[PDB]
């Protein structure tokens, strides 16, 4: 009966097999615009692999379209306004990768502290004697500043405070101090104190008007020159030209970045030049386990809409 189009593969094939048991599924990978246009014309549901964009032209051509599902939390690459105008349900698939992002964050904190990429390059260049000039940092007793004490911020705080014996400060205007106590952190109401105290600052807030570009030049000026920034949250929490300035002018010692603004990043991003900035391509939340959870959630919500059942994660509820 119903046809479904996957614009990009899911993060695990289980969701494709689930859809195929109930609908006629077509998958297109890294498609050109004309392939989207030809394949979307008669489908009832669409899945979009982040960060691929789904625009008003494609939505206008999709004469039978009832539901659009993203692959994870982010919907900024979907023209939601055009979908809402045509009564199309947009769902996302959030909150299914807490463990993945927590582990990734720990990996990046440790890689910066142990100067992993730099020391690796030195040894492979024949400069083992770099060990007379550079030492790793011991995490024990250092201060980690967490911005955003939500699901991931809490999980990172708990591991860093207990297993790694770090002092953990958390800034989050919307939680009680008891939430920080639970994970052996201290809630601080003054972001300036977190900035001046922290040896590592890791960003985990929801992206809002309040947190958009909250990490700008003024924030980097307050950080310790020896401190590192980690961002696995959203690219727009950081003002990218200001991070460039902060790295080049040595306002901070380095950064680890999994998220970008814009997404995908341009090929000539000015941050790539700096050996003390390390990158991953928005993969903090994409392990096989997290991908399977997100694939099942995306497939289930598509099937729900096609059967007239309300899905859990509607982004534009006024269409229902």
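Numbering follows the first chain given and starts at 1.
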Mean C-alpha B-factor comparison - 130 to 138 and 109 to 117, higher one: 130 to 138
Of 149 to 157 vs 73 to 81, the stretch with the larger average CA B-factor in the entry is 73 to 81
Which has the highest CA B-factor per the PDB entry: 289, 55, 273, 258? 273
Checking the entry, which one of 186, 208, 233, 92 has the top C-alpha B factor? 208
Classify residue 163 as lowest, middle or highest third according to the C-alpha B-factor given in the PDB entry, relative to its own chain. middle
Quick check for you: using the entry's CA B-factors within this chain, is residue 37 in the lowest, middle or highest third? middle
Assigned third (lowest, middle, highest) for the C-alpha B factor of residue 253: middle
Thinking about Cα B factors across the chain, which third does residue 46 belong to? middle
By the recorded C-alpha temperature factor, relative to the other modelled residues in its chain, which third is residue 239 in? highest
